[PDB]
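Take a look at this single chain in structure tokens; it is the form solved without guanosine-5'-diphosphate.
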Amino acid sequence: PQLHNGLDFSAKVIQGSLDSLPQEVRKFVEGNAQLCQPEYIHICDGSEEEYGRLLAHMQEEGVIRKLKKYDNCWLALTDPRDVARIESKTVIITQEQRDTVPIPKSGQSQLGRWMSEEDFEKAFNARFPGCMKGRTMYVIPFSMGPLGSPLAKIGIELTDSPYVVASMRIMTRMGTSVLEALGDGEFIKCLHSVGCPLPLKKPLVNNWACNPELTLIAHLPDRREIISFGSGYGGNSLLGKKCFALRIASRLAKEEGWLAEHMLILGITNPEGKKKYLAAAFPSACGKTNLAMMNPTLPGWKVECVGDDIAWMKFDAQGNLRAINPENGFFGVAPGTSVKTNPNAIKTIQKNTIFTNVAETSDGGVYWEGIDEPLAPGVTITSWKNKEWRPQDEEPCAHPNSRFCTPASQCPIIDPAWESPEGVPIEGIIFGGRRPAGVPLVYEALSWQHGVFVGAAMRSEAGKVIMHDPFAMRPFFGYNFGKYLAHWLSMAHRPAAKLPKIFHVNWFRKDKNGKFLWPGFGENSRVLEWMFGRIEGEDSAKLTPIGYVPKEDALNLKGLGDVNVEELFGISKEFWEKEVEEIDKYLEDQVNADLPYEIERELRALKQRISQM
């Protein structure tokens, strides 16, 4: 309907048709075109042609550089103001604050950031009107999870960033077939703008459009909407990555009886052909990608990657905990990725990969701190800041949060079931963190409820600072963490549910001198072997106040040197008295009225067991 000419955006569509879009998709696209005023609308088809052309166009405009050493690899260097997810500008909108975050007893909440609907509407009106003037609005239809999966969920992302389009093609399954699969079904509304309408009011830095001062990443779970403004970077712009897959999804999971978790998924096979799938939640910088793509040292063992970041998990009718990786690629921290640390990642990123904020070598290759391979004499480096770089320099050549964005299918050890619509059966869940002192290499929770507590109690070294990161979900809870705990605990009361064994690992315990007590990397397969046997009901465990640890001689330590098993598995009453006390204070403050009875009980139990040693 029109008395004039200015609501139908059909004349502005440069690929696809508004008419062919499902009713509700058209309304989403058109309504936002009316608001943001793009010059053009491009309905993404996800084709190789679309992709290659968009890359070459970004290359034309100096937005990306081609890396000539590799096969179809690209490099983007950002405005230094726009280099990471910004938690302090990340918010969830609900009617009641308590539905989003528990109300703390003493201080400020570390478990989320609530914004009122009233405050958001003002913030929105101050940002989005006219924001895409002079730019193309790209419409990205994407599936989170295998296209056929009953566990999968579909989104539509509108963006004015070609970089976002290119990265979303890698990180999700996107294009025409998603629109066709969707039909008149429900979808998550994802709206993004770099917030730099043309003509530019402010200087463009490093050909990277962004609006740091107005950056805001919002989630409206009740409206099924993600709305993000001002950042073109990673988690802020690739709206499938954290906004959808963790924040919105955890809330949907809560409603629908499943789990959306910050977990890798791997499949491990023993030398007798028996295969098990495990999930693991680690905070930042704890070797998550390393574990997911591990090359095991133990003969006859195999490790295969399903995913390295997000797990969507639901018990089936038979009581199996079925998991899918909702992503289509890996968005990994580049620095520290070497042949020693992650050889399978090295093989993956050789081809069809977008790199962000890494150094470039003079022969068109990539470089970063901790890459652990020398350059031929003559090969020079250009840093992520587009300046000549030298190993003697005080500044890093790559940004510490620099990234590779690579197709999952390219992983040489990608699991054969990684896109099976039914998902894979999880038999073990692993929590862990960086703890230089006190916390043994591996322990097993005494029960499901103790296991939930272990997840709740997670702390990790960020003078250094040890901080809480329960379930590795601290920046990602879609709703009240106490209710999230209650949601986990409720799984035990599902009849037929086969509850996975819960373990906790510490690869990072140091001796008195500051030296790691565990070699790690591929040797972590020895810990995985113990876990495997424990799931199989093997008598390989010793009871301690914190859970079960390996018996003496239970862990395969052959081929290692003289590993200090005494200091590695040592548990001190003094350390754990302090540990349980600060967990108690943290939970009381941060979770307060919403702490489930069973978590308090697990806490009392632990205090009691420690009091008796």
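All residue numbers are counted from 1 along the displayed sequence. Here the rigid core means the biggest group of C-alpha atoms that line up within 1.5 Å when the two forms are laid on top of each other.
Trainee: Determine, for 142 to 150 and 469 to 477, which one has C-alphas that on average lie farther from this form in 8 other deposited structures of this protein; superpose on the rigid core first.
Mentor: Comparing 469 to 477 with 142 to 150, the one that moves more in 8 other deposited structures of this protein is 142 to 150.
Trainee: Determine, for 88 to 96 and 201 to 209, which one has C-alphas that on average lie farther from this form in 8 other deposited structures of this protein; superpose on the rigid core first.
Mentor: So, of the two stretches, the farther one in 8 other deposited structures of this protein is 201 to 209.
Trainee: Can you tell me how many deposited residues have no coordinates between residue 462 and residue 463? The categories are none, 1 to 3, 4 to 9, and 10 or more.
Mentor: Gap between residue 462 and residue 463: 4 to 9 residues without coordinates.
Trainee: Mean C-alpha B-factor higher for 73 to 81, or for 195 to 203?
Mentor: Averaging CA B-factors over each stretch, the winner is 73 to 81.
Trainee: Looking at the deposited entry, does 550 to 558 or 47 to 55 carry the larger mean Cα B-factor?
Mentor: Of 47 to 55 and 550 to 558, the stretch with the higher C-alpha B-factor average is 550 to 558.
Trainee: Could you tell me which one of 175, 365, 112, 271 shows the highest CA temperature factor in the PDB record?
Mentor: By C-alpha B-factor in the record, 365 ranks first.
Trainee: Highest CA temperature factor in the entry: which of 250, 506, 231, 361?
Mentor: Checking the PDB record, the top C-alpha B-factor among 250, 506, 231, 361 is at 361.
Trainee: Sort the modelled residues of this chain by their C-alpha B factor and say whether residue 384 lands in the lowest, middle or highest third.
Mentor: Highest third of the chain for residue 384's C-alpha B-factor.
Trainee: Going by the recorded CA B-factors, say which third of the chain residue 4 sits in, lowest, middle or highest.
Mentor: Highest third of the chain for residue 4's C-alpha B-factor.
Trainee: Please place residue 545 in the lowest, middle or highest third of its chain according to the CA B-factor in the PDB entry.
Mentor: Ranked within chain, residue 545 CA B lands in the middle tercile.
Trainee: Looking at the C-alpha B-factor of residue 570, is it in the lowest, middle or highest third of its chain?
Mentor: Highest third, going by the recorded CA B-factors of the chain.
Trainee: What third of its chain's C-alpha B-factors does residue 352 belong to: lowest, middle or highest?
Mentor: CA B-factor rank for residue 352: highest third.
As for the form deposited with guanosine-5'-diphosphate bound, it is not shown, yet the points below apply to it.
Trainee: Does at least one non-hydrogen atom of residue 450 fall within 4.5 angstroms of guanosine-5'-diphosphate in the entry with it bound?
Mentor: Flag for residue 450 set to no.
Trainee: Spell out, yes or no, whether the shortest heavy atom distance between residue 365 and guanosine-5'-diphosphate in the entry with it bound is within 4.5 Å.
Mentor: Because no heavy atom of residue 365 falls inside 4.5 Å of guanosine-5'-diphosphate in the entry with it bound, the answer is no.
Trainee: With a 4.5 Å heavy atom cut-off, would you call residue 165 a contact of guanosine-5'-diphosphate in the entry with it bound?
Mentor: Contact with guanosine-5'-diphosphate, no.
Trainee: Using 4.5 Å between non-hydrogen atoms, is residue 285 touching guanosine-5'-diphosphate in the entry with it bound?
Mentor: Taking the distances in the entry with it bound, the answer for residue 285 is yes, it comes within 4.5 Å of guanosine-5'-diphosphate.
Trainee: In the entry with it bound, which of the stretches 519 to 527, 215 to 223, 112 to 120, 533 to 541 has residues with heavy atoms within 4.5 Å of guanosine-5'-diphosphate?
Mentor: Only one stretch qualifies here: 519 to 527.
Trainee: Could you check which residue among 508, 208, 479, 229 gets a heavy atom within 4.5 Å of guanosine-5'-diphosphate in the entry with it bound?
Mentor: Looking at the other structure, the residue within range turns out to be 508.
Trainee: Considering non-hydrogen atoms and a 4.5 Å limit, which listed residue (276, 135, 127, 434) is close to guanosine-5'-diphosphate in the entry with it bound?
Mentor: In short, 434.
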